[PDB]
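I have placed the structure first, in the form of C-alpha cells, so that the comments after it can refer back to it.
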Amino acid sequence: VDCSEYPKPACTXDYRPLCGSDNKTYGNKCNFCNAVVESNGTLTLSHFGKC
C-alpha cells in the first residue's frame, strides 16, 4: 500500500481493480488510496484484482 501521495482531489478513469479489506472492488489505485486516507487507517489491500 504506497498511498504516500494521497489524498488527491481527482482520479483518472482507467480501470485497474483492487480488492479492499472491506470487500469492495476499487476502480484503481487512486480510488483505493483516497479511501484508505478517508478510513483513518482501517482500510487495507486484500489483493489485486476484483474481490
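Residues are named by chain letter and number: chains run A, B, ... in the order of the C-alpha cells, numbers start at 1 in each chain, and ligands are numbered from 1 in the order shown.
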| alpha helix (DSSP H) call set, DSSP backbone run, chain A, as an MDAnalysis selection string | chainID A and resid 29:38
Can those selected residues be exported to a file as a compact mmCIF listing (two decimals), in the first residue's frame so that it contains N, CA, C and O atoms?
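The result, stored in selection-v6.txt:
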```txt
# COMPACT_ATOMS: atom_id res chain seq x y z
N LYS A 29 -5.84 2.38 -8.19
CA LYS A 29 -5.05 2.75 -7.02
C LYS A 29 -5.46 4.09 -6.45
O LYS A 29 -5.51 4.25 -5.23
N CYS A 30 -5.72 5.06 -7.32
CA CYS A 30 -6.15 6.39 -6.85
C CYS A 30 -7.45 6.32 -5.98
O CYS A 30 -7.53 6.91 -4.90
N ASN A 31 -8.45 5.59 -6.46
CA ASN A 31 -9.68 5.47 -5.71
C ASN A 31 -9.42 4.69 -4.40
O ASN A 31 -9.95 5.05 -3.34
N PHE A 32 -8.59 3.66 -4.47
CA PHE A 32 -8.27 2.87 -3.27
C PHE A 32 -7.51 3.75 -2.24
O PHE A 32 -7.89 3.85 -1.06
N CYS A 33 -6.47 4.43 -2.68
CA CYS A 33 -5.71 5.27 -1.74
C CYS A 33 -6.54 6.39 -1.11
O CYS A 33 -6.48 6.58 0.10
N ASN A 34 -7.37 7.08 -1.89
CA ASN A 34 -8.22 8.10 -1.30
C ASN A 34 -9.14 7.49 -0.23
O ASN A 34 -9.46 8.13 0.74
N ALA A 35 -9.60 6.26 -0.46
CA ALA A 35 -10.46 5.60 0.52
C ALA A 35 -9.65 5.21 1.77
O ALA A 35 -10.17 5.25 2.87
N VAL A 36 -8.40 4.84 1.59
CA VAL A 36 -7.55 4.46 2.75
C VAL A 36 -7.41 5.65 3.69
O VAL A 36 -7.58 5.52 4.91
N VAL A 37 -7.13 6.82 3.12
CA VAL A 37 -6.99 8.02 3.94
C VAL A 37 -8.30 8.40 4.64
O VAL A 37 -8.31 8.79 5.80
N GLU A 38 -9.41 8.29 3.93
CA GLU A 38 -10.69 8.65 4.50
C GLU A 38 -11.13 7.67 5.57
O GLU A 38 -12.00 7.96 6.36
```
| chain A: residues DSSP assigns to strand (DSSP E or B), reported as number ranges by chain | A: 18-20, 25-26, 45-48
| message | as a VMD selection string, please: the residues near residue 27 of chain A (cut-off 6 Å, only C-alpha atoms, same-chain neighbours under 6 positions excluded). | response | chain A and resid 15 to 17
| request: Fewer than 6 positions away in the same chain doesn't count, so skip those; otherwise give me all residues within 8 Å of residue 47 of chain A, counting only C-alpha atoms, as a VMD selection string. | output: chain A and resid 18 to 20
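With only C-alpha atoms as the basis for measurement, A:46 is the residue among A:1, A:7, A:46, A:41 that approaches residue 21 of chain A most closely.
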| task | Rank A:3, A:22, A:28, A:9 by their smallest atom-to-atom distance to residue 49 of chain A, using only C-alpha atoms, and report the top residue only. | result |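 The answer is A:28, which sits nearest to residue 49 of chain A.
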